[PDB]
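In the form deposited in one PDB entry, a lone chain appears below as structure tokens.
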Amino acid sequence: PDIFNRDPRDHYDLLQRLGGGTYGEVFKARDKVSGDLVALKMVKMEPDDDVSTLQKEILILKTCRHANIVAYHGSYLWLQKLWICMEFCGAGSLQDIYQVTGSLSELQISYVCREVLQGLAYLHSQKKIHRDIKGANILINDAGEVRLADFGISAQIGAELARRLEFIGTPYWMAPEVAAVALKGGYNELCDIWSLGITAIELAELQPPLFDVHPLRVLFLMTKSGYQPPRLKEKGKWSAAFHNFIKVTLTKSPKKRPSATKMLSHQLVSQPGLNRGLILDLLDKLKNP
């Protein structure tokens, strides 16, 4: 792992803020001599966080090398601040893109979905769960390539971890099975596949299904026994293969829902002519209308 106990503002000039909230800030940063653009995730560290196991996640991040997951370059630890230096994806998220470009073509969506599934197939074989597949978290570089973020080690510490404890409340009276669920949730690996199903509709239609309907109402509808999963609005615009991809990804029963590996042999995503050219056309549409 080797977290360098040094100020990263010495080594990179922070150009521009990209986003943040609970986890911390993410900046666009230039490598001072070499001119390489990176993403610096500044994480707020707090005194009761273990530095020993923190390095073991960073060791997993270093030894990991999958193409559809954002690359880890290195760690700095200056004044109660972990800085995770990462790959920069210069076009932003697909949300940032679609809000300017409008809806993606079926081919563009098919390529995105294949690249996400390759990322999800890798994370699940490493016993991890993404937990948050949406348009806003699928990043696009200038080459038209597709990258997932990784909120793995950032979830285990800091202000996002303190947020997850604050709603849970004092744990001292809580039973073991209640505490088990308070850590995990209902999140297993296959919920990412559902979430991709919703994402593909989002990219298709500029919104996930029920986005105009109250969050609670949606939660109750989802849980009630005869909940029909969502579908694409405009049947004729999309091919049968896209409809089937949405049907099978949005299987209600987790036991019966296909895994990332199973999904990569689906017609929509195994078809030829799916490559980054499709996204270069999209990024061109962002510049030239």
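Residue numbers run from 1 along the displayed sequence. Only the largest set of C-alpha atoms that superpose within 1.5 Å between the two forms is called the rigid core.
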| item | value |
| --- | --- |
| Given 45-53 and 222-230, the range whose Cα B-factors average higher in the PDB entry | 45-53 |
| Selected stretch [higher average CA B-factor]: 6-14 or 277-285 | 6-14 |
| Residue with highest C-alpha B-factor in the PDB entry, from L107, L79, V116, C191 | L79 |
| Candidate residues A241, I69, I58, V26, the one whose C-alpha B factor the record puts highest | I58 |
| Lowest, middle or highest third - CA B-factor, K134 | lowest |
| Where the record places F151 (Cα B-factor, split into thirds across the chain) | highest |
| Lowest, middle or highest third - CA B-factor, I246 | lowest |
| Cα B factor band for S270 (lowest, middle or highest third within the chain) | lowest |
| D142 - Cα temperature factor, lowest/middle/highest third of chain | middle |
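Here the subject shifts to the form deposited in another entry, a form of this protein not shown in this document.
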{"query": "Candidates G102, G185, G90, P215 - which moves between the shown form and the other one, C-alpha at least 2 Å, core fixed", "finding": "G185"}
{"query": "Per-residue C-alpha change between the shown form and the other one, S195, threshold 2 Å, rigid core fit", "finding": "no"}
{"query": "Core fit, then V38 C-alpha moves 2 Å or more between the shown form and the other one", "finding": "no"}
{"query": "Core fit, then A240 C-alpha moves 2 Å or more between the shown form and the other one", "finding": "no"}
{"query": "In that other deposited form, shift in Cα separation for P215 relative to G152, 3 Å or more", "finding": "closer"}
